[PDB]
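S.K.: PDB entry and its sequence, pasted below:
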Amino acid sequence: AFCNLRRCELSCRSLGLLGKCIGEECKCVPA
């Protein structure tokens with residue numbers, strides 16, 4: 001629906017950590 005979660009998870013991996021959806025947005029979180 002409103003979150004391209006794998007694109008988010010790989011963007012977070014590229015910085016150094018896991019990704020999650022919030023809603024119409026996604027964010028990164030610790031391992």
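M.R.: All right, it came through fine. Residues are numbered from 1 along each chain as shown.
S.K.: all the helices of the protein, residue numbers only.
M.R.: 5-15 (DSSP state H).
S.K.: compute the number of surrounding residues for the closest residue to residue 15 other than its chain neighbours.
M.R.: The spatial neighbour of residue 15 that comes closest, neighbours along the chain excluded (Cβ to Cβ, 6 or more residues apart in numbering), is residue 28 at 6.3 Å. C-beta coordinates here come from the backbone N, C-alpha and C atoms, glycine included. Residues near residue 28, counting by other Cβ atoms under 10 Å, number 16.
S.K.: tell me the contacts of residue 28?
M.R.: Contacts for residue 28 were tallied using Cβ atoms under 8 Å, 6 or more residues apart in numbering; they are 8, 11-12, 15, 17-20.
S.K.: try it again with 10 Å
M.R.: 8-9, 11-20 (Cβ atoms under 10 Å, 6 or more residues apart in numbering).
S.K.: beta partners of it?
M.R.: residue 19 (DSSP bridges).
S.K.: just to check, residue 27 is in contact with residue 5?
M.R.: No. Judged on Cβ atoms under 10 Å, residue 27 makes no contact with residue 5 at a distance of 11.1 Å.
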